[PDB]
Every structure is written in structure tokens, then in C-alpha cells.
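For reference, the structure discussed in these notes is given below.
FYI, side chains are in, hydrogens and waters are out, and symmetry mates aren't considered; it's all heavy atoms of this structure. Residue numbers begin at 1 in each chain, while the letters A, B, ... track the order of the sequences.
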Amino acid sequence: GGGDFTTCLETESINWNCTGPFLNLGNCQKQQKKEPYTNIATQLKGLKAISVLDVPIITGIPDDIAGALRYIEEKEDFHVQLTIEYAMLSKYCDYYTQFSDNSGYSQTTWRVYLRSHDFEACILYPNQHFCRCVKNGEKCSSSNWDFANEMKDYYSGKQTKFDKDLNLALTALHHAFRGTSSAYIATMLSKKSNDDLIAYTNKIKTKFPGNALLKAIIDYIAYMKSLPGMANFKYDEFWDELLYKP
Amino acid sequence: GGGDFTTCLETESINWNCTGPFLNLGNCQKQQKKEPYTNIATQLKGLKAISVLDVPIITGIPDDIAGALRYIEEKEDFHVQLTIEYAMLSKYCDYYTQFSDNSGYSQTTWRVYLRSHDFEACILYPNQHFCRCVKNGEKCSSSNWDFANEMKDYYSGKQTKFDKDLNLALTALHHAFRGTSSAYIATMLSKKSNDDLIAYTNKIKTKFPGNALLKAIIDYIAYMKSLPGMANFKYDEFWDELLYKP
Amino acid sequence: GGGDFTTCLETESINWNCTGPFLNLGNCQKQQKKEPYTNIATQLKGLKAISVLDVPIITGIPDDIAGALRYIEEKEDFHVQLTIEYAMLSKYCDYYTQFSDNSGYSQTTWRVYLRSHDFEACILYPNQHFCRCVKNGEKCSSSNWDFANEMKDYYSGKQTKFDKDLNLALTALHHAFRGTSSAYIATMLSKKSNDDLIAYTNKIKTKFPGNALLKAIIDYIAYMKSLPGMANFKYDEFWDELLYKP
Ligand SMILES: *[C@@H]1O[C@H](CO)[C@@H](O[C@@H]2O[C@H](CO)[C@@H](O[C@@H]3O[C@H](CO[C@H]4O[C@H](CO)[C@@H](O)[C@H](O)[C@@H]4O)[C@@H](O)[C@H](O[C@H]4O[C@H](CO)[C@@H](O)[C@H](O)[C@@H]4O)[C@@H]3O)[C@H](O)[C@H]2NC(C)=O)[C@H](O)[C@H]1NC(C)=O
Ligand SMILES: *[C@@H]1O[C@H](CO)[C@@H](O[C@@H]2O[C@H](CO)[C@@H](O[C@@H]3O[C@H](CO[C@H]4O[C@H](CO)[C@@H](O)[C@H](O)[C@@H]4O)[C@@H](O)[C@H](O[C@H]4O[C@H](CO)[C@@H](O)[C@H](O)[C@@H]4O)[C@@H]3O)[C@H](O)[C@H]2NC(C)=O)[C@H](O)[C@H]1NC(C)=O
Ligand SMILES: *[C@@H]1O[C@H](CO)[C@@H](O[C@@H]2O[C@H](CO)[C@@H](O[C@@H]3O[C@H](CO[C@H]4O[C@H](CO)[C@@H](O)[C@H](O)[C@@H]4O)[C@@H](O)[C@H](O[C@H]4O[C@H](CO)[C@@H](O)[C@H](O)[C@@H]4O)[C@@H]3O)[C@H](O)[C@H]2NC(C)=O)[C@H](O)[C@H]1NC(C)=O
């Protein structure tokens, strides 16, 4: 249920087990988070995972996390982006294990996004368990229950609203899993590979079963994908920028 | 219901149609967001909207949005600040159209602010529809109903509490509409032009009718303005820093 | 109920009255917030609070608050860290008085953190008044009522869950009171000085009685400290990095 870094370097096209949360790391002690990127590049070079030519791209990772994620997602090539992300996860080795529960430094951005904005359907049907889970941290264990089909019926003749709400869920997921995960989601979206997209998000939910809000947003994405609005769904255009170069 | 940039340059004093959200833009395709500020300054110069002397102030806009907004609001002169804001809206051409609905990258800051803090009246009367709309995204369509006059009575003999809660609403609005919009609000506040202030916020609510939380905060500001506490209202002093130089 | 800066410089070990919120300041007018750090270092030097050798560490405080807090907490020595924090509070003289009520620029971070994440106990018992206060700003005046002992019973055989939820409360407090306050909390935690820790947080709650969410999180920390899970409590390891050098 994970991918090795060198094995991932051998593969030609991005796949689920070569995205951030599924990369096999190790420990993760206090010391490694202190390590600067020069040391991590030197480690990767000494193991012959990378060559000298690849050391600068690692040493140019900005020291702050927000800048590091922008730097990673700027890359247009699968193996380069993967190498950078792996260096960063070698410094912040708990970046994605933090997603196992309901808090942590790397979760704040996506949670802040999801809870600060509003779904169109939740504004009209705030008693739905999905909405109560997003807004109040309430009823999360039954979040995937569409009471009286209100949500489904609500979206029925409302392509634009379906598009807004599903894009808000996917934008939250983008903020959760920046970098290779988002390049993979972008790839599937651009090809309308809806079944593969749900397969990947379901793998994320299986990876982090202790993360209640994440489970709710993933179930919601699968629900929207089952609705008639999906056939004409128009994803937000920022995704096209996250695609890799031909 | 909007202002043209050059026409705005001709006018002597800031007015509603020469603030950010009311500046007439066009499209707004994928390409223009990629354009650096040197290109946008060159465009404005080629149209003779600005001269060579004005090119550096545009090319000095920092690349990140937070820095660009700080840069804009640092300006002490109406036409300079307007020109900078217009260059930025020429790059992020959807910055203010994002406010048409209930999400988007440019809305996060103000929504995070409004929902992370608390109104004094809502702590004591959390069942008020305004409070349920701010906190739970619930009852937003009846947010401007003061049940049993609880809010009004609550503020009656409480000048300090009225001041805190109205300032929290206005600070959220400041975070929504930085730059020229905030210089305009600052101008009206410093002159106690309460009717003009409400006229402007009501124009914002009319511009963005699909934005439920924004509608609620704007209705709330008009309600507070109708209360006896408004006559002695003391706005937060940061506003005085956003005024233009004499 | 506060500490003087020079008197604090005389003392050998960090104590409650030499942490940020308890440092005695004065006014705090509009002008002082405009003052750059060179001027503040010159003031402190002219009063002979510091010497010329200490001027650079003050002039190197980055201009943005987030960077200033990172700079302060990087210091490994009590008197240095205190001096830096005092310079910063001399510029943003309302940084900690902002905590007297339910909003303000310096409160956003910790409130955003506390409300974006979730307590394990609140996911299962969302009707608890503590959970309603954190999530909905509701029932804050009775937040410290554990209805039917649900919370206590919930943690009874769940050391890991107790650890997660108490660490989330303490991490929120860390985000509220960065710098010397966090070095003091780190010191008490590393020595399992649970009674002193509660004494300090209770002083914070007494300092800011108008801050409803802060009162709730402080009462909650004292409640957890009373439970059998405290004896084997394992604090998050970032705290050990905030300790001062021997
Ligand atoms: C990320 O995760 C994916 C799965 O999600 C992994 O892909 C699997 O990789 C394994 C190992 O290479 C594959 O198993 C091998 O398949 C060979 C046939 O492949 C073709 O046919 C299958 C359908 O039958 C297609 O799915 C596939 O795309 C090809 O078209 C077999 O010949 C192999 O059998 C031989 O080796 C095994 C193992 O030693 C022996 O037990 C056998 O007896 C035999 O000698 C083998 O079964 C598997 O097919 C792949 N699945 C998919 C869906 O593609 C990636 O490897 C993984 N990446 C990383 C970096 O970890
Ligand atoms: C931003 O939005 C404001 C409104 O909110 C616009 O201001 C209006 O601008 C129009 C066009 O210039 C003004 O209309 C003209 O008013 C002239 C008289 O102005 C004085 O009197 C009025 C009261 O009657 C005052 O409000 C005003 O301040 C002045 O004191 C008329 O003489 C004009 O009539 C002539 O031109 C029109 C149009 O071609 C013809 O149809 C007429 O027959 C006649 O020949 C004209 O009506 C309007 O008064 C302004 N309103 C206000 C409230 O000031 C800004 O122009 C706009 N800015 C930008 C950059 O878009
Ligand atoms: C931060 O806050 C702490 C308290 O939380 C202050 O610590 C107190 O400081 C005062 C003033 O120095 C101390 O009062 C003095 O205590 C002396 C005895 O101290 C020993 O014994 C006590 C127990 O009795 C211990 O707590 C202490 O640690 C020592 O082991 C007395 O001899 C003093 O009395 C003399 O002076 C007073 C005042 O002028 C006269 O009225 C007396 O008659 C007598 O002449 C005095 O009482 C107090 O003990 C300290 N408390 C604690 C708990 O340590 C810090 O000073 C303060 N720091 C800053 C920078 O503000």
C-alpha cells in the first residue's frame, strides 16, 4: 500500500503509489526535521538515488513549508517533482502521517479552506449530516447519508451549483495533498477518468481512517460523482496548470 | 454599475465606482494570470493609460497576493493606489468576481477572520439567525431578523460592546475589500458619513447577491448603523492609516 | 500582576510574570506602532536597559509579525528571548491586550487552529458544552460542564486519545502565546510540573476574563489535568525545542 522512491523513479507515468501520502518513508525522529536540505541531498546522492546534477534543485527548496509546496508544484515533470517532494518529506517526515487523525500543522490549510467557505447545498439544507460534519464537527459518522434525497434532488436541474460544490470539495483536497497528489488528480480530471479519480480518493480514505472530516469530504466526492451532474462536470481551470509537460 | 480606469484617473476624489470590486475589467482567461507585471505595465503604457514614469511602481508589485495588497494599501494617494490595484486586477482578473458565490481563493482571509472571532452579542444569544449564519452557515436567508429584539436590547446600554461588534464586522469587510475600497470606507468613517457608508456597503451586497455570508454581514452593518449606539460609535484606529494624504 | 522588563532581566530563571502577556507595558498610541526597531533599540539603549552589543539583535527583527515570532522563539536563552519579545511588544503594544476580548489581529492564528481541527471526544459527543463553545461559539459560559461524565468516561481507557486532545488544546495555547510564554510552558511540561502549569494557565484566564473561547480552553486544560490520563501524558515533542539551553 505504498511506493518506494527509487522504484517510483523507474516508472514512466505518475500513479497512486507514487504520490506524496503513499511514498514509503521510515522514521522520523526529532533530528531529521532539523536537517537542512544540503544534508538531505547529500544523503540521497550518497545512496545513488540522485546524482550531483540533481543536488541544486534540492538545495533550492525554500525553508518555509508554504514556499516549498509552491516550489514543488511549479515543476512540470513527474520525476523532478517527485524528487523534490521526497526531499521535503525527508525533512518533515510526519507531514502526511499528521493526516491520520483530526489535527496537525500540515492539515490546517485544507481544513481552514473547507470550513471557511460554504457549499451551495449546505446553505439551503444545513441539517444534512454532511453539512453538520463540515460546519459543526457533528454527525461525521453518518455524513454520507443524503436525508430524503434533498442533496440529490437539489442538484438535479442545477449544473452550475453541482459544479461549484464539487469544485469546492476538490479544491479542499488540493489544499490537503499538494504536489504529486494534485498532479495525479489533475491528470485524471483532464481525461474525465472519474472511476480512477474515485479509486484514488478512496485509497486516501482507507489510508487515513482516523480523519473524520477527510472521510466525509471523500465520501461526498464519491456521491457527487454518482450524480447526473458529473457527466457534464467542469473542473476549475487551475488544475490544468498542475499537469505535467508532454 | 462600474467605473472605467481612465475615467477614474480623471476624477479628483475617490468614489464608489472607482473602488476595486466596481472597476470594469474584461476577460480574464488563463493566459493573463500568467502575465508578469512588466507585461501589464507595458500594456497600460502602450494604451497611454500610464506613462514611463509610472512603470516602476507597477513592476515593483510583489509576486504574492498578500504582499501585493500590503503594497497597494501602503500608497497615500488616490490615483497611485488605483493604478496599482488595477494592475493587480489585470493579473488576477477574477479576484473580485470570486466574491459572486460562497468560496474562492480571494475570499478565504475575510471568511477566516469573521468565523474565527466572536461577536459579543452572539456569545450571549447564539440562536439569533445572524449568529447561526456566521457560525454554522445556517439561516442565512433570515440573518437580518433580530428575534424578540434581543440584539437591539442587548446593545442598548452597552456602547463598548456595540463598538467591538460593529468594528469586528467592519474589520471583516476591510479584509474582504483591501486597497481603494478600504480607503473609501476609511474616508467615510472619518467624516461620520454613515448614510454614504451604508449606501456603499449596500452596493456591494447588490453586486454579489450570491454570497450569503457577505449579504449577512452587510445587512448586519446596516442594522447596527440604525441603532442608538451609532451616534457615539468609535471606529478602530487602523482605518485612519488608510486615509489618503491631503 | 505583571513584571517589569529590567526587573525581569535581573532574575535568573523564567517565571510567569516575565512572559509576554504579563510584561508591564504603557501606552500604546498610534505613533509607536509606526516606530521601526532601530528607534526602539535606541530607546532601550538610551534608558540603559540594553547596551550597544544588544542593538543588532533588535534591529534584526523581521518587519512581519509571523517572522518576528519565529525569530523570538529561535532564541535559546531566557534574557535574549525576553529582550526581543519586549522590543516587539514595544512596537505592537496592543499585541497581548488584544486578548482581552473575542477578536483581534493577534488572536486569529490560535483561534483558526483550534476551530479548524477537531477533538476526538467532540467528534463523538458534539452536544457537550465545551464542544459547542469551540465549534459554534455556543454555551461558552458552561463550557466546563462535563455532561453525564461523558468526556471523563470517554477518556478512561484511552491514553492515546487523551494525549491527542490535550495536545491539541496545548498547541492552540502555544499559538496564542508564542515566545517566552511557550518557553515557560515547555519548561513546566518537561518536568511534569502539572500544578505549576495549571497555575500559569489559570493566571492567563484571570488576565483575560472577557475572552470566552480562551476561558473555555483553559478550563478544559485544567479538567484534563485532573483526569487519570494525565499521569502518563506524553506532550508533543515540538515543546522540547522551545526549551532554553542549559
Ligand atoms: C504501484 O501499484 C501498482 C498497482 O496499483 C503496481 O502495478 C502492479 O505491479 C505488479 C508487479 O510488477 C504487477 O504484477 C505483475 O504483472 C505482470 C503482468 O502485467 C500485465 O498484466 C496485468 C494484468 O494481468 C496488467 O495489470 C499490467 O498492467 C500488465 O499489462 C505479471 O506477468 C507478473 O507476474 C509475474 O511476477 C509475479 C511477481 O513476482 C509472479 O508472482 C508471477 O507468477 C509472474 O512470474 C506480475 O503479476 C501488476 O500487474 C501491476 N498492477 C497493475 C494494475 O498494473 C506498481 O508496480 C506499483 N508501483 C510501485 C512503484 O510500487
Ligand atoms: C461614478 O458614479 C457617479 C454616480 O454615483 C457618477 O456621477 C454622475 O455622473 C453623471 C455624468 O457626468 C452626472 O450626470 C450629469 O450631471 C450634470 C449636473 O451635475 C450636477 O448636478 C447634479 C444634480 O443634478 C449633481 O449630482 C452633480 O454632482 C453636479 O453638482 C448634468 O448637467 C448632466 O446632464 C447633461 O449630460 C447628460 C449626459 O450626457 C445629458 O443627458 C443631459 O441632458 C445634460 O446634457 C449629467 O446628468 C451625475 O450627476 C453624477 N451623479 C452624481 C451623484 O454625482 C460618476 O460620473 C461615476 N464616475 C465614473 C468614473 O464612472
Ligand atoms: C514574579 O512574581 C513572583 C511571585 O509569583 C515574585 O516572587 C516574590 O518576590 C517577593 C519580593 O522579592 C518575595 O517576597 C520576599 O520574600 C522574602 C523571602 O523569600 C524566601 O521565602 C519565601 C517564602 O516565605 C519564598 O517564596 C522565596 O522563594 C524565598 O525562598 C522575604 O524575606 C521578603 O520580606 C522582606 O521584604 C518585604 C518587601 O519589602 C517586607 O515587607 C518584609 O517585611 C521583609 O523585609 C519578601 O516578602 C516573594 O517571596 C516572592 N514569591 C515567590 C513565590 O517566590 C517575583 O519577585 C516576581 N518577579 C518580578 C520580576 O516581578
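The candidate from B:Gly137, B:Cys140, B:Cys133 with the greatest count of non-hydrogen atom pairs under 4.5 Å with chain A is B:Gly137.
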Just by distance, which donor-acceptor pairs between chain A and chain B come in under 3.5 Å?
from, atom 1, to, atom 2, distance (Å)
A:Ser116, O, B:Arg111, NH1, 3.1
A:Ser116, O, B:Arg115, NH1, 2.8
A:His117, NE2, B:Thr108, OG1, 3.0
A:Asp118, N, B:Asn102, O, 3.0
A:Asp118, OD1, B:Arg115, NH1, 3.2
A:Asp118, OD1, B:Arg115, NH2, 3.3
A:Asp118, OD2, B:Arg111, NH1, 2.8
A:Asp118, OD2, B:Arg115, NH1, 3.1
A:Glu120, OE2, B:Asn102, ND2, 3.1
A:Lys164, NZ, B:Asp101, OD2, 3.1
A:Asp240, OD2, B:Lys30, NZ, 2.9

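Across all their heavy atoms, A:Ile221 and A:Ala169 have their closest contact at CG1-CB, 3.8 Å. Considering all non-hydrogen atoms of both residues, B:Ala87 and B:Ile40 come closest at O-CD1, 3.9 Å.
The side-chain heavy atoms of A:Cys122 and A:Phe130, taken from C-beta on, include a pair separated by under 4.5 Å. Here the side chains of A:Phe233 and A:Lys192 are not in contact, with every heavy-atom distance at 4.5 Å or above. With contacts defined as side-chain heavy-atom distances shorter than 4.5 Å, the pair B:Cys131/B:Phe119 does not qualify. Inter-residue side-chain proximity for A:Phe99 and A:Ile204 is flagged as unmet; no heavy-atom pair is nearer than 4.5 Å. Using a 4.5 Å heavy-atom threshold, the side chains of B:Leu47 and B:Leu44 count as separate.
Heavy atoms closer than 4.5 Å to chain B are found in the side chain of A:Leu168, but not in its backbone.
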